[PDB]
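With compact mmCIF, C-alpha atoms and all ligand atoms inside, this is input00.txt:
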# COMPACT_ATOMS: atom_id res chain seq x y z
CA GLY A 1 -148.57 31.97 43.53
CA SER A 2 -150.65 29.39 41.56
CA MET A 3 -154.47 29.75 41.45
CA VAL A 4 -156.38 26.46 41.89
CA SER A 5 -157.03 24.98 38.48
CA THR A 6 -160.44 25.39 36.88
CA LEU A 7 -159.76 22.37 34.66
CA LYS A 8 -162.00 19.47 35.56
CA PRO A 9 -161.10 15.77 35.91
CA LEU A 10 -161.38 13.58 32.83
CA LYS A 11 -162.97 10.14 32.83
CA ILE A 12 -161.70 7.61 30.29
CA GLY A 13 -163.50 4.30 30.61
CA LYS A 14 -163.45 3.48 34.32
CA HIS A 15 -160.36 5.63 34.90
CA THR A 16 -160.29 9.24 36.11
CA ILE A 17 -157.35 11.62 35.80
CA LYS A 18 -157.24 14.89 37.74
CA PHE A 19 -156.31 17.04 34.74
CA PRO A 20 -157.60 16.65 31.13
CA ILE A 21 -154.03 16.33 29.85
CA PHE A 22 -152.14 13.40 28.33
CA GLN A 23 -148.37 13.45 28.15
CA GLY A 24 -147.96 11.90 24.72
CA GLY A 25 -146.05 8.65 24.49
CA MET A 26 -142.57 9.08 23.06
CA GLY A 27 -140.16 6.36 21.97
CA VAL A 28 -137.62 5.08 22.15
CA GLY A 29 -136.98 5.56 25.86
CA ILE A 30 -138.21 9.13 26.14
CA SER A 31 -141.38 8.54 28.19
CA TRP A 32 -140.43 5.69 30.50
CA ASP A 33 -140.67 5.50 34.30
CA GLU A 34 -139.27 8.85 35.46
CA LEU A 35 -141.29 10.95 32.99
CA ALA A 36 -144.55 8.99 32.94
CA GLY A 37 -144.38 8.30 36.68
CA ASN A 38 -143.93 11.98 37.50
CA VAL A 39 -146.62 13.08 35.04
CA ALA A 40 -149.11 10.70 36.70
CA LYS A 41 -147.98 11.85 40.16
CA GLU A 42 -148.93 15.41 39.16
CA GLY A 43 -152.39 14.28 38.06
CA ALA A 44 -152.08 14.13 34.28
CA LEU A 45 -152.01 10.89 32.29
CA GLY A 46 -148.43 9.64 32.19
CA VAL A 47 -147.90 7.45 29.13
CA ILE A 48 -145.16 4.80 28.86
CA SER A 49 -143.92 4.05 25.36
CA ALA A 50 -143.85 0.27 24.86
CA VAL A 51 -141.60 0.35 21.79
CA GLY A 52 -137.95 -0.58 22.03
CA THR A 53 -138.18 -1.48 25.72
CA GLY A 54 -135.35 -3.96 25.09
CA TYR A 55 -133.02 -0.95 25.20
CA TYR A 56 -134.00 -0.18 28.80
CA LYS A 57 -131.04 0.29 31.19
CA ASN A 58 -128.60 -0.56 28.37
CA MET A 59 -130.27 -3.85 27.40
CA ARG A 60 -130.25 -5.20 30.98
CA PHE A 61 -133.46 -7.19 30.53
CA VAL A 62 -133.23 -8.84 27.10
CA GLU A 63 -132.39 -12.49 26.45
CA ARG A 64 -130.34 -11.88 23.27
CA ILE A 65 -128.34 -9.06 21.70
CA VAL A 66 -126.83 -9.11 18.20
CA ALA A 67 -124.42 -6.31 17.22
CA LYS A 68 -125.36 -4.30 20.35
CA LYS A 69 -129.06 -4.36 19.36
CA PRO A 70 -131.96 -6.35 20.88
CA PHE A 71 -132.40 -9.47 18.79
CA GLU A 72 -135.77 -9.65 16.99
CA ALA A 73 -139.12 -8.33 18.07
CA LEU A 74 -139.25 -10.52 21.19
CA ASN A 75 -136.21 -8.71 22.61
CA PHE A 76 -136.84 -5.26 21.06
CA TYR A 77 -140.33 -5.27 22.68
CA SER A 78 -139.10 -6.82 25.93
CA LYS A 79 -141.83 -7.95 28.32
CA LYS A 80 -139.42 -8.11 31.24
CA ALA A 81 -138.23 -4.54 30.58
CA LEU A 82 -141.81 -3.29 30.23
CA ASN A 83 -142.72 -4.86 33.59
CA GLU A 84 -139.79 -3.10 35.26
CA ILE A 85 -140.60 0.28 33.67
CA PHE A 86 -144.20 0.10 34.87
CA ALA A 87 -143.13 -1.02 38.36
CA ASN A 88 -140.61 1.83 38.62
CA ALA A 89 -143.18 4.36 37.42
CA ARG A 90 -145.64 3.28 40.11
CA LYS A 91 -143.00 3.74 42.79
CA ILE A 92 -143.48 7.42 41.83
CA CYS A 93 -147.21 7.60 41.06
CA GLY A 94 -148.90 4.82 43.06
CA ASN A 95 -152.23 3.89 41.46
CA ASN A 96 -152.61 7.12 39.45
CA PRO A 97 -153.60 6.14 35.88
CA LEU A 98 -150.84 5.16 33.42
CA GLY A 99 -151.13 4.60 29.67
CA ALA A 100 -149.04 2.48 27.35
CA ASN A 101 -148.43 3.74 23.81
CA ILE A 102 -148.06 1.07 21.12
CA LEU A 103 -147.73 1.89 17.43
CA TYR A 104 -149.94 -0.37 15.32
CA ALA A 105 -147.22 -0.85 12.71
CA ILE A 106 -144.91 -2.77 15.06
CA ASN A 107 -144.33 -6.44 14.59
CA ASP A 108 -146.02 -8.51 17.30
CA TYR A 109 -148.50 -5.74 18.17
CA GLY A 110 -150.92 -8.07 19.96
CA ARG A 111 -148.25 -9.57 22.21
CA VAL A 112 -147.06 -6.10 23.22
CA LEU A 113 -150.63 -4.97 23.98
CA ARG A 114 -151.19 -8.01 26.18
CA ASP A 115 -147.76 -7.37 27.75
CA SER A 116 -148.80 -3.79 28.56
CA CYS A 117 -152.03 -4.94 30.19
CA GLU A 118 -150.14 -7.47 32.30
CA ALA A 119 -147.55 -4.83 33.23
CA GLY A 120 -150.40 -2.81 34.74
CA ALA A 121 -151.42 -0.27 32.08
CA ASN A 122 -154.82 1.35 32.61
CA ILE A 123 -154.98 2.72 29.06
CA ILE A 124 -153.64 1.61 25.67
CA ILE A 125 -152.99 4.30 23.03
CA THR A 126 -152.33 3.18 19.45
CA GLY A 127 -151.65 5.16 16.26
CA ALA A 128 -149.59 4.54 13.07
CA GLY A 129 -152.37 2.57 11.46
CA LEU A 130 -156.10 1.89 11.68
CA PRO A 131 -156.29 -0.40 14.80
CA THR A 132 -159.40 -2.46 14.09
CA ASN A 133 -158.43 -5.43 16.30
CA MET A 134 -157.26 -3.67 19.49
CA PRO A 135 -159.72 -5.52 21.83
CA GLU A 136 -158.74 -8.92 20.37
CA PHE A 137 -155.69 -8.99 22.63
CA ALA A 138 -157.25 -7.55 25.81
CA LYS A 139 -160.10 -10.00 26.52
CA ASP A 140 -158.62 -10.77 29.94
CA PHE A 141 -158.38 -7.03 30.69
CA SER A 142 -161.83 -5.56 30.04
CA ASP A 143 -161.36 -2.48 32.26
CA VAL A 144 -158.21 -1.35 30.41
CA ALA A 145 -159.37 1.61 28.30
CA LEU A 146 -158.49 1.53 24.60
CA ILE A 147 -157.75 4.70 22.61
CA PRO A 148 -156.96 4.90 18.86
CA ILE A 149 -155.07 7.88 17.45
CA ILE A 150 -156.85 9.07 14.30
CA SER A 151 -156.44 11.90 11.81
CA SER A 152 -159.93 12.07 10.28
CA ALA A 153 -163.63 11.70 11.04
CA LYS A 154 -163.74 8.88 8.49
CA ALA A 155 -161.33 6.84 10.62
CA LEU A 156 -163.52 7.22 13.71
CA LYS A 157 -166.55 5.86 11.85
CA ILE A 158 -164.70 2.89 10.37
CA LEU A 159 -163.24 2.02 13.76
CA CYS A 160 -166.53 2.28 15.66
CA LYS A 161 -168.35 0.21 13.05
CA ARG A 162 -165.68 -2.52 12.84
CA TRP A 163 -165.20 -2.79 16.62
CA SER A 164 -168.95 -2.86 17.18
CA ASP A 165 -169.57 -5.58 14.58
CA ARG A 166 -166.75 -7.79 15.86
CA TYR A 167 -166.51 -7.05 19.61
CA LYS A 168 -169.81 -5.31 20.50
CA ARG A 169 -167.51 -2.68 22.04
CA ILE A 170 -166.38 0.72 20.80
CA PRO A 171 -163.28 2.75 21.80
CA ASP A 172 -163.14 4.52 25.16
CA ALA A 173 -161.64 7.68 23.58
CA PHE A 174 -159.98 8.91 20.40
CA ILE A 175 -156.87 11.05 20.12
CA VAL A 176 -157.04 13.36 17.09
CA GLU A 177 -153.63 14.25 15.67
CA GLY A 178 -153.31 15.96 12.30
CA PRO A 179 -150.93 14.36 9.75
CA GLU A 195 -155.77 23.38 5.78
CA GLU A 196 -158.47 20.81 6.59
CA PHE A 197 -155.84 18.95 8.66
CA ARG A 198 -155.57 22.01 10.91
CA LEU A 199 -156.46 20.90 14.44
CA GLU A 200 -159.05 23.64 14.90
CA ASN A 201 -160.93 22.29 11.85
CA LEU A 202 -160.33 18.59 12.46
CA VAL A 203 -161.34 18.37 16.13
CA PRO A 204 -164.87 19.78 15.62
CA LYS A 205 -165.46 17.37 12.71
CA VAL A 206 -164.43 14.40 14.84
CA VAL A 207 -166.44 15.54 17.87
CA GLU A 208 -169.49 15.86 15.58
CA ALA A 209 -168.99 12.41 14.05
CA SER A 210 -168.50 10.89 17.51
CA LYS A 211 -172.06 11.89 18.50
CA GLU A 212 -173.38 9.09 16.26
CA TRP A 213 -171.78 6.63 18.70
CA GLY A 214 -172.45 8.23 22.08
CA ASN A 215 -170.07 11.14 22.70
CA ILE A 216 -166.78 9.38 23.01
CA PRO A 217 -164.29 11.82 24.62
CA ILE A 218 -162.01 13.36 22.00
CA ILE A 219 -158.40 14.26 22.85
CA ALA A 220 -156.72 16.92 20.69
CA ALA A 221 -153.01 16.55 19.91
CA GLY A 222 -150.31 18.29 17.92
CA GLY A 223 -148.95 21.81 18.33
CA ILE A 224 -150.61 22.47 21.70
CA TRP A 225 -148.13 24.56 23.66
CA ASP A 226 -149.81 26.33 26.59
CA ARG A 227 -153.06 26.90 28.48
CA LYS A 228 -154.41 29.21 25.76
CA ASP A 229 -154.11 26.34 23.28
CA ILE A 230 -155.71 23.95 25.76
CA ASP A 231 -158.66 26.31 26.27
CA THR A 232 -159.05 26.75 22.51
CA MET A 233 -159.31 22.98 22.07
CA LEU A 234 -161.74 22.57 24.99
CA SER A 235 -163.96 25.29 23.56
CA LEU A 236 -164.10 23.39 20.25
CA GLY A 237 -165.54 20.33 21.98
CA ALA A 238 -162.39 18.39 22.84
CA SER A 239 -162.55 16.66 26.21
CA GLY A 240 -158.79 16.92 26.71
CA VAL A 241 -155.42 17.43 25.08
CA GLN A 242 -152.30 15.40 24.46
CA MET A 243 -148.96 17.19 24.60
CA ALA A 244 -145.53 15.70 23.94
CA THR A 245 -142.97 18.37 22.97
CA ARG A 246 -143.52 20.36 26.23
CA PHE A 247 -142.76 17.25 28.28
CA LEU A 248 -139.72 16.53 26.11
CA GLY A 249 -138.40 19.74 27.68
CA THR A 250 -138.70 18.48 31.26
CA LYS A 251 -135.85 17.29 33.47
CA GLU A 252 -137.72 14.04 34.13
CA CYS A 253 -137.47 12.97 30.48
CA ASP A 254 -135.86 9.52 30.43
CA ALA A 255 -133.73 10.27 27.32
CA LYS A 256 -131.31 12.71 28.93
CA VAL A 257 -129.84 14.02 25.67
CA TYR A 258 -132.87 16.17 25.02
CA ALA A 259 -132.33 18.41 28.05
CA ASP A 260 -128.92 19.27 26.63
CA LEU A 261 -129.89 19.48 22.96
CA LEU A 262 -133.22 21.39 23.02
CA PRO A 263 -132.42 24.87 24.46
CA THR A 264 -130.37 25.89 21.37
CA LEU A 265 -132.51 24.08 18.76
CA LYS A 266 -133.41 26.47 15.96
CA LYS A 267 -136.55 26.28 13.86
CA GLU A 268 -134.44 25.73 10.71
CA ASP A 269 -132.98 22.53 12.24
CA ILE A 270 -136.39 20.77 12.31
CA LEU A 271 -137.47 18.88 9.21
CA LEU A 272 -139.91 16.27 7.96
CA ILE A 273 -138.28 13.04 6.87
CA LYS A 274 -139.43 9.78 5.43
CA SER A 275 -139.34 6.76 7.74
CA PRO A 276 -139.13 2.96 7.43
CA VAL A 277 -142.65 2.82 8.86
CA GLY A 278 -144.15 4.55 5.84
CA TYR A 279 -145.34 7.59 7.79
CA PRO A 280 -143.38 10.87 8.00
CA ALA A 281 -141.57 11.88 11.17
CA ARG A 282 -140.35 15.25 12.32
CA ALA A 283 -136.66 15.08 13.21
CA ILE A 284 -133.82 17.31 14.32
CA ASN A 285 -131.10 17.79 11.73
CA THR A 286 -128.45 16.06 13.85
CA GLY A 287 -127.11 12.61 14.60
CA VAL A 288 -127.84 9.99 11.95
CA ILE A 289 -129.67 12.62 9.87
CA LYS A 290 -126.40 14.52 9.62
CA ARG A 291 -124.52 11.26 9.01
CA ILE A 292 -126.74 10.56 5.99
CA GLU A 293 -125.85 13.89 4.37
CA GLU A 294 -122.16 13.28 5.04
CA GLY A 295 -122.24 9.69 3.79
CA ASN A 296 -120.87 8.17 7.01
CA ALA A 297 -124.17 6.80 8.40
CA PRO A 298 -124.26 3.25 9.82
CA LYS A 299 -124.89 0.26 7.62
CA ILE A 300 -128.44 -1.06 7.73
CA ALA A 301 -128.77 -4.66 8.90
CA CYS A 302 -132.18 -5.44 10.36
CA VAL A 303 -131.63 -7.00 13.79
CA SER A 304 -134.56 -5.93 15.97
CA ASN A 305 -137.21 -6.33 13.20
CA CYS A 306 -139.13 -3.47 14.78
CA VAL A 307 -141.97 -2.68 12.31
CA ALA A 308 -143.90 -4.62 9.64
CA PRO A 309 -143.96 -1.94 6.88
CA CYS A 310 -140.15 -1.87 6.71
CA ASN A 311 -139.98 -5.46 5.38
CA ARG A 312 -136.83 -6.31 7.40
CA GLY A 313 -134.70 -3.47 6.02
CA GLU A 314 -136.23 -2.71 2.61
CA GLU A 315 -137.59 0.72 3.55
CA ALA A 316 -134.78 1.49 6.01
CA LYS A 317 -132.32 1.17 3.13
CA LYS A 318 -134.52 3.41 0.98
CA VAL A 319 -134.71 6.23 3.58
CA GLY A 320 -131.11 5.82 4.78
CA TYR A 321 -131.56 4.79 8.42
CA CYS A 322 -132.97 2.13 10.73
CA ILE A 323 -135.42 3.68 13.15
CA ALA A 324 -135.02 1.01 15.86
CA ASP A 325 -131.21 1.37 15.88
CA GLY A 326 -131.28 5.17 15.69
CA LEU A 327 -133.86 5.76 18.43
CA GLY A 328 -132.20 3.13 20.61
CA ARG A 329 -128.86 4.90 20.22
CA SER A 330 -130.44 8.20 21.26
CA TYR A 331 -131.72 6.69 24.52
CA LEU A 332 -128.20 5.36 25.10
CA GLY A 333 -126.89 8.95 24.72
CA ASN A 334 -125.32 8.61 21.25
CA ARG A 335 -125.08 12.09 19.74
CA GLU A 336 -123.32 11.09 16.53
CA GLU A 337 -125.62 8.29 15.32
CA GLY A 338 -128.84 8.61 17.32
CA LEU A 339 -132.13 9.71 15.79
CA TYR A 340 -133.81 12.70 17.46
CA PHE A 341 -137.49 13.63 17.10
CA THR A 342 -139.39 16.82 17.95
CA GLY A 343 -142.78 18.38 17.37
CA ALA A 344 -142.84 21.50 15.24
CA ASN A 345 -142.77 23.62 18.42
CA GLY A 346 -139.48 22.12 19.65
CA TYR A 347 -137.61 25.33 18.93
CA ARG A 348 -139.74 27.04 21.60
CA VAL A 349 -138.08 24.98 24.39
CA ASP A 350 -135.77 27.70 25.74
CA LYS A 351 -135.24 26.34 29.30
CA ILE A 352 -135.59 22.85 30.81
CA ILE A 353 -138.12 22.75 33.68
CA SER A 354 -139.56 20.15 36.02
CA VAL A 355 -142.73 18.20 35.26
CA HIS A 356 -144.20 19.71 38.43
CA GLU A 357 -143.53 23.23 37.23
CA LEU A 358 -144.81 22.39 33.72
CA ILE A 359 -148.10 20.99 35.02
CA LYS A 360 -148.53 24.10 37.20
CA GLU A 361 -148.07 26.38 34.19
CA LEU A 362 -150.57 24.36 32.15
CA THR A 363 -153.23 23.99 34.83
CA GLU A 364 -153.20 27.05 37.12
CA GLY A 365 -156.33 29.19 36.92
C1 LIG B 1 -139.75 12.54 20.47
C2 LIG B 1 -141.04 12.14 20.11
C3 LIG B 1 -141.38 10.79 20.11
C4 LIG B 1 -142.66 10.36 19.76
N1 LIG B 1 -142.97 9.05 19.80
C5 LIG B 1 -144.23 8.64 19.61
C6 LIG B 1 -144.59 7.30 19.81
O1 LIG B 1 -143.76 6.45 20.16
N2 LIG B 1 -145.92 6.88 19.61
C7 LIG B 1 -146.87 7.80 19.22
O2 LIG B 1 -148.03 7.43 19.07
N3 LIG B 1 -146.50 9.15 19.03
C8 LIG B 1 -145.19 9.58 19.22
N4 LIG B 1 -144.87 10.89 19.07
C9 LIG B 1 -145.98 11.88 18.87
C10 LIG B 1 -146.45 12.39 20.27
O3 LIG B 1 -146.95 11.30 21.09
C11 LIG B 1 -147.54 13.48 20.19
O4 LIG B 1 -148.81 12.95 19.78
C12 LIG B 1 -147.21 14.68 19.29
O5 LIG B 1 -145.80 14.96 19.16
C13 LIG B 1 -147.89 15.83 20.01
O6 LIG B 1 -147.50 17.04 19.42
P1 LIG B 1 -146.63 18.06 20.20
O7 LIG B 1 -145.28 17.45 20.28
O8 LIG B 1 -146.76 19.23 19.34
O9 LIG B 1 -147.32 18.16 21.52
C14 LIG B 1 -143.62 11.30 19.38
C15 LIG B 1 -143.28 12.66 19.39
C16 LIG B 1 -142.00 13.10 19.75
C17 LIG B 1 -141.67 14.48 19.72
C1 LIG B 2 -146.90 16.40 15.95
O1 LIG B 2 -146.28 15.14 15.71
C2 LIG B 2 -144.89 15.21 15.42
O2 LIG B 2 -144.37 16.24 15.16
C3 LIG B 2 -144.06 13.90 15.42
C4 LIG B 2 -142.67 13.90 15.42
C5 LIG B 2 -141.99 12.67 15.42
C6 LIG B 2 -142.70 11.46 15.41
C7 LIG B 2 -144.08 11.49 15.40
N1 LIG B 2 -144.92 10.26 15.39
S1 LIG B 2 -144.26 8.69 15.69
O3 LIG B 2 -145.29 7.80 16.18
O4 LIG B 2 -143.27 8.72 16.76
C8 LIG B 2 -143.52 8.12 14.12
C9 LIG B 2 -143.85 8.75 12.92
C10 LIG B 2 -143.25 8.24 11.76
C11 LIG B 2 -142.36 7.16 11.88
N2 LIG B 2 -142.06 6.60 13.06
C12 LIG B 2 -142.61 7.04 14.16
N3 LIG B 2 -142.31 6.47 15.49
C13 LIG B 2 -141.55 5.23 15.76
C14 LIG B 2 -141.45 4.21 14.82
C15 LIG B 2 -140.71 3.07 15.15
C16 LIG B 2 -140.12 2.95 16.40
CL1 LIG B 2 -139.20 1.48 16.79
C17 LIG B 2 -140.24 3.95 17.34
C18 LIG B 2 -140.96 5.09 17.01
CL2 LIG B 2 -141.13 6.37 18.22
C19 LIG B 2 -144.76 12.70 15.41
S1 LIG B 3 -134.29 -2.53 9.43
FE1 LIG B 3 -136.44 -1.78 9.44
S2 LIG B 3 -137.65 -3.35 10.55
FE2 LIG B 3 -135.47 -3.81 10.95
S3 LIG B 3 -135.07 -2.79 12.92
FE3 LIG B 3 -134.52 -1.25 11.32
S4 LIG B 3 -136.39 -0.01 10.91
FE4 LIG B 3 -137.00 -1.85 12.12
MG MG B 4 -135.41 28.38 21.24
Can you give me the file's structure in the form of structure tokens?
Amino acid sequence: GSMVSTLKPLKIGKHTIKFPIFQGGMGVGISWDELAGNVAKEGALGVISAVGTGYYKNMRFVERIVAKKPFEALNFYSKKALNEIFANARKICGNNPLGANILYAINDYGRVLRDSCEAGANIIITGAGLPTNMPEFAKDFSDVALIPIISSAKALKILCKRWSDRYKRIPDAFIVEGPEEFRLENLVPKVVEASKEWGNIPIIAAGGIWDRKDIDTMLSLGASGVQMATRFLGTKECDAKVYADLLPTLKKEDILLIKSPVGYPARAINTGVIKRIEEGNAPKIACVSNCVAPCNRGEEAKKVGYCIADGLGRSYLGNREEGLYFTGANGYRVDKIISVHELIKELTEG
């Protein structure tokens, strides 16, 4: 009862994935070895989030903890944890391709990119910024494919021109994620068109893609593939186990845009530390992990009421009262929790 897929394999750099589908990276601790390993086993691109890896297995692999938080960027972005996450994912998926997702705004971005390459990533995905120096840190890892997340055709042109002038290389792909002209059905064609100036770089559409109908819409607009996160957030294999319990009663009213210490908006569930901020009992802010450069070691966290490293870390640890919980706008459509296998079958059959 599942017709062979008519979707065709997607080549990114030297890497081929069976289905033109990325499971979007999700931190902290949402897309680690069980999720990304099982996604890649099923033939989509599993993506490991490289942010906050110091939290992995309750801070098993860090060198220093202060106040139950990984101490500084070197422990918050823990190379030893990252190595173990990748190794555990490949116990599930073998040599099927795996990405690492690294936000450009993090402190020590270049170290974490090199760490991801050494951990065995085949692909690096980077948004939250304009990542003009991505290949600077990968010179030892030429065959690792490099993919910026962009929200405009202008960004593609600036990136191709700056990479080409400095590295004589251009990106292997672009993920287009909107932040009426920022509607994905308008944005993707504009980016695909602009890409032709540089040699038809595959374009991956992301944001609000729920089912095969959405996938086919994006493909027919010139996208080479899609990236989906919220659907995989509703799988059993999600490494942050709170979401399987929280999502099936989530109502659309409980999803809101919030400011963040990174200087970009996030979409959050009105629960955990978000609820603590309205009640006035939220935790004190005291920058320990120094997670992102735009925060200025607590300046913006104090302004928006929460520390995103602490809050996302607490969610991975199962903390319902003070954790920070993210969702795409479609999160209210998660009515059951299903397996990654069953999800991939629903997205690819026919
Ligand atoms: C819980 C959660 C965590 C996320 N974390 C990251 C992240 O660490 N890095 C990143 O580039 N995008 C992150 N995103 C965005 C997703 O990777 C993805 O591009 C977007 O949510 C796709 O839209 P969809 O959820 O409608 O499919 C996150 C999204 C969610 C819901
Ligand atoms: C369709 O898209 C959505 O609805 C959606 C919903 C939620 C988040 C995102 N994007 S995001 O990259 O996660 C992000 C955006 C703004 C501020 N912060 C982060 N992330 C982050 C920062 C620091 C650390 Cl330490 C860890 C992480 Cl995960 C997108
Ligand atoms: S205070 Fe700011 S920089 Fe420090 S860990 Fe929290 S969000 Fe990151
Ligand atoms: Mg529902």
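The interatomic distance for the pair atom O3 of ligand LIG 2 (chain B) and atom CA of residue 310 of chain A works out to 14.5 Å.
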Could you give me, as a ChimeraX atom specification, the residues within 12 Å of residue 115 of chain A, counting all atoms listed in the file and dropping anything in the same chain fewer than 3 positions from it?
/A:50-51,53,74,77-84,86,100-102,108-112,118-121,124,137-138,140-141
Using the selection just defined, write its residues with C-alpha atoms as a PDB file, keeping the file's coordinate frame.
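Once everything was written out, this is selection_6.pdb:
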ATOM      1  CA  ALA A  50    -143.850   0.270  24.860  1.00  0.00           C
ATOM      2  CA  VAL A  51    -141.600   0.350  21.790  1.00  0.00           C
ATOM      3  CA  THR A  53    -138.180  -1.480  25.720  1.00  0.00           C
ATOM      4  CA  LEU A  74    -139.250 -10.520  21.190  1.00  0.00           C
ATOM      5  CA  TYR A  77    -140.330  -5.270  22.680  1.00  0.00           C
ATOM      6  CA  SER A  78    -139.100  -6.820  25.930  1.00  0.00           C
ATOM      7  CA  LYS A  79    -141.830  -7.950  28.320  1.00  0.00           C
ATOM      8  CA  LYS A  80    -139.420  -8.110  31.240  1.00  0.00           C
ATOM      9  CA  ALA A  81    -138.230  -4.540  30.580  1.00  0.00           C
ATOM     10  CA  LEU A  82    -141.810  -3.290  30.230  1.00  0.00           C
ATOM     11  CA  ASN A  83    -142.720  -4.860  33.590  1.00  0.00           C
ATOM     12  CA  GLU A  84    -139.790  -3.100  35.260  1.00  0.00           C
ATOM     13  CA  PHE A  86    -144.200   0.100  34.870  1.00  0.00           C
ATOM     14  CA  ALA A 100    -149.040   2.480  27.350  1.00  0.00           C
ATOM     15  CA  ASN A 101    -148.430   3.740  23.810  1.00  0.00           C
ATOM     16  CA  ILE A 102    -148.060   1.070  21.120  1.00  0.00           C
ATOM     17  CA  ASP A 108    -146.020  -8.510  17.300  1.00  0.00           C
ATOM     18  CA  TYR A 109    -148.500  -5.740  18.170  1.00  0.00           C
ATOM     19  CA  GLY A 110    -150.920  -8.070  19.960  1.00  0.00           C
ATOM     20  CA  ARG A 111    -148.250  -9.570  22.210  1.00  0.00           C
ATOM     21  CA  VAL A 112    -147.060  -6.100  23.220  1.00  0.00           C
ATOM     22  CA  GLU A 118    -150.140  -7.470  32.300  1.00  0.00           C
ATOM     23  CA  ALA A 119    -147.550  -4.830  33.230  1.00  0.00           C
ATOM     24  CA  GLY A 120    -150.400  -2.810  34.740  1.00  0.00           C
ATOM     25  CA  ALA A 121    -151.420  -0.270  32.080  1.00  0.00           C
ATOM     26  CA  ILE A 124    -153.640   1.610  25.670  1.00  0.00           C
ATOM     27  CA  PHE A 137    -155.690  -8.990  22.630  1.00  0.00           C
ATOM     28  CA  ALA A 138    -157.250  -7.550  25.810  1.00  0.00           C
ATOM     29  CA  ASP A 140    -158.620 -10.770  29.940  1.00  0.00           C
ATOM     30  CA  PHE A 141    -158.380  -7.030  30.690  1.00  0.00           C
TER      31      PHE A 141
END
Closest contacts (chain A/ligand LIG 2 (chain B), max 9 Å, all atoms listed in the file) as a tab-separated table:
residue	atom	partner	partner_atom	distance
A:25	CA	B:LIG2	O4	8.2
A:26	CA	B:LIG2	CL2	5.7
A:27	CA	B:LIG2	CL2	3.9
A:28	CA	B:LIG2	CL2	5.4
A:29	CA	B:LIG2	CL2	8.7
A:30	CA	B:LIG2	CL2	8.9
A:49	CA	B:LIG2	CL2	8.0
A:51	CA	B:LIG2	CL1	5.7
A:52	CA	B:LIG2	CL1	5.8
A:76	CA	B:LIG2	CL1	8.3
A:102	CA	B:LIG2	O3	8.8
A:103	CA	B:LIG2	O3	6.5
A:105	CA	B:LIG2	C14	8.0
A:106	CA	B:LIG2	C15	7.2
A:127	CA	B:LIG2	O3	6.9
A:128	CA	B:LIG2	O3	6.2
A:177	CA	B:LIG2	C1	7.1
A:178	CA	B:LIG2	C1	7.4
A:179	CA	B:LIG2	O1	7.6
A:221	CA	B:LIG2	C1	7.3
A:222	CA	B:LIG2	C1	4.4
A:223	CA	B:LIG2	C1	6.3
A:243	CA	B:LIG2	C1	8.9
A:244	CA	B:LIG2	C1	8.1
A:245	CA	B:LIG2	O2	8.2
A:272	CA	B:LIG2	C4	8.3
A:273	CA	B:LIG2	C10	8.5
A:274	CA	B:LIG2	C10	7.6
A:275	CA	B:LIG2	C11	5.1
A:276	CA	B:LIG2	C11	6.9
A:277	CA	B:LIG2	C11	5.3
A:278	CA	B:LIG2	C11	6.8
A:279	CA	B:LIG2	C10	4.5
A:280	CA	B:LIG2	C10	4.6
A:281	CA	B:LIG2	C10	4.1
A:282	CA	B:LIG2	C4	4.1
A:283	CA	B:LIG2	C5	6.3
A:304	CA	B:LIG2	CL1	8.8
A:305	CA	B:LIG2	CL1	8.8
A:306	CA	B:LIG2	CL1	5.3
A:307	CA	B:LIG2	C15	6.5
A:322	CA	B:LIG2	CL1	8.7
A:323	CA	B:LIG2	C15	5.7
A:324	CA	B:LIG2	CL1	4.3
A:325	CA	B:LIG2	CL1	8.0
A:326	CA	B:LIG2	CL1	8.8
A:327	CA	B:LIG2	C17	6.7
A:328	CA	B:LIG2	CL1	8.1
A:340	CA	B:LIG2	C5	8.4
A:341	CA	B:LIG2	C5	4.9
A:342	CA	B:LIG2	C4	5.1
A:343	CA	B:LIG2	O2	3.5
A:344	CA	B:LIG2	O2	5.5
A:345	CA	B:LIG2	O2	8.2
A:346	CA	B:LIG2	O2	8.9
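Near residue 209 of chain A, within a cut-off of 8 Å and counting only C-alpha atoms, sit the residues residues 153, 156 and 157 of chain A, with same-chain residues fewer than 5 positions away left out.
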Select, counting only C-alpha atoms, all protein, DNA and RNA residues no farther than 9 Å from (-135.3, 15.9, 34.8) in file coordinates, and express the selection as a PyMOL selection string.
chain A and resi 34-35+249-254+256+259+352-355
Mind listing as a list in words all residues within 9 Å of (-149.8, 27.3, 35.2), counting only C-alpha atoms?
residues 2, 3, 5, 226, 227, 357, 358, 359, 360, 361, 362, 363, 364 and 365 of chain A
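Pairwise distance (atom CA of residue 13 of chain A, atom CA of residue 163 of chain A) equals 15.8 Å.
Excluding residue 69 of chain A itself and any same-chain residue fewer than 3 positions from it, the protein and nucleic acid residues within 7 Å of it, counting all atoms listed in the file, are residues 65, 66, 303 and 304 of chain A.
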Segment 273-289 of chain A: axis-aligned bounding box, 5 Å on each side, centre and edge lengths in Å, one decimal, as lines of an AutoDock Vina configuration file:
center_x = -136.2
center_y = 10.3
center_z = 10.0
size_x = 28.2
size_y = 25.0
size_z = 19.2
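Taking only C-alpha atoms and all ligand atoms into account, the residues that come within 9 Å of ligand MG 4 (chain B) are residues 262, 263, 264, 265, 266, 267, 346, 347, 348, 349, 350 and 351 of chain A.
We find atom CA of residue 15 of chain A and atom CA of residue 216 of chain A to be spaced 14.0 Å apart.
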Within 8 Å of residue 33 of chain A, counting only C-alpha atoms, which residues show up once you throw out same-chain ones fewer than 6 positions away? Write them as a compact mmCIF listing (two decimals) with C-alpha atoms, in the coordinates of the input, please.
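Done, and the output landed in part_36.txt:
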# COMPACT_ATOMS: atom_id res chain seq x y z
CA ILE A 48 -145.16 4.80 28.86
CA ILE A 85 -140.60 0.28 33.67
CA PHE A 86 -144.20 0.10 34.87
CA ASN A 88 -140.61 1.83 38.62
CA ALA A 89 -143.18 4.36 37.42
CA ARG A 90 -145.64 3.28 40.11
CA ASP A 254 -135.86 9.52 30.43
